[PDB]
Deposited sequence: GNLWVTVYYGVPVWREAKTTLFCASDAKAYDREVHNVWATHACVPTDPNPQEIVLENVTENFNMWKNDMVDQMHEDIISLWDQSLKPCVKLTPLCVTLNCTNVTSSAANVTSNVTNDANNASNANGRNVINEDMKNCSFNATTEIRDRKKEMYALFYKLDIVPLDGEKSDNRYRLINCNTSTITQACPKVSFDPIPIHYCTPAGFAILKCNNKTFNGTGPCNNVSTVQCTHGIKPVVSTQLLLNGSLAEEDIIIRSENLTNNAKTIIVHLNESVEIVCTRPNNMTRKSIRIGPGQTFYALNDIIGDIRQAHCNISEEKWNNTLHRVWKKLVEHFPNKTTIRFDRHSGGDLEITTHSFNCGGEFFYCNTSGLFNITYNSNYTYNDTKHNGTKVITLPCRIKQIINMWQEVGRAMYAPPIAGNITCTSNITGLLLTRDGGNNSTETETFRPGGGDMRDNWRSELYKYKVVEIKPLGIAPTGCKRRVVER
């Protein structure tokens, strides 16, 4: 009948934790290929043959919107961006009066031929150089005369550090690993909607190598769903929360810049030189992206069906374009082949679906695509808290990329009463949501190996 306190070490229990994690890049990423923004040599090598241990008979409560790993990843990406932009040449002497004129071929109407005086290797003589600059990067001086005098866009807000000539923007998988005394719980529930209980949860040491793809209104090169479309929102009845639609069938999107462009080195000062656009070889065609019409019809139909399931009694659901603002939020912004693309999405989100039409099966095949026009900037200022922008290096030859859209960053409109209509527009808010599309299953748990259990064993005197 008598019982005594017994101590157990190695007890499998855990609580919540907010510990700092450490990165781990893949071993194949160490085959030289140096000087990429996301290539961090301080990351440890990825653990070979990694283990995921299935934990049966246990249920865990997850919450994507209260995860600290997303915030840690955002901060780590920001400081990596700062470290990569720190060393090379700044374009502060480039903030000078630019004599800009039209670009000789039809008019491009997207670039201007700007000549400027740049100091030579000696800072007492100045040579009149010239370069082709995008119209989104040059603001006209004054604003009341056609004097053809322009300047760089951020010559009055912060400083520009031009991207180093070797740098690359190719994403690589990053395996976030948790320290000793802590583990990562992954929810293997395929139906899981981002929060709540999970009856199939496994413990892992490191994540699945999340690619840090920077994109707005769309999710590029992300992990797909397993069963169906998974709609995730912190609070659906709140219109400020951004819905993260998770597709199960990724759609191929092919983007290109068919123009062939020349690169020329320009000396802006003693020991400071940067690469700039010189000439356009061949005909002039606008850069654009192609998305299959039938596949997008499939995606929009399935998304509307899931949104009808999540929003009862709404007769009509309209997919319209973005409301307004700067170009970085109103357009699909991404990076293809080292070049930053801003693509108009008015042709994609333009439909009205009602519950009284079957809408067929969106069959009858077809090779028709949606040619969404795109524009290119070089003065890139993302994550504006850093205080430092970029001058992206010019790329010779065409650029052509093929990516997969695996999710949409939808956002419901404001309160328009109970008129049985809700208009969902593309979002483009904080970039943290993008990482939240990947860390929707991972939580960090703090191991307590010390346990107390009554047993009829008594220690001797």
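- Coordinate coverage of the deposited sequence breaks at 106 to 128, 485 to 487, these segments carrying no C-alpha atoms.
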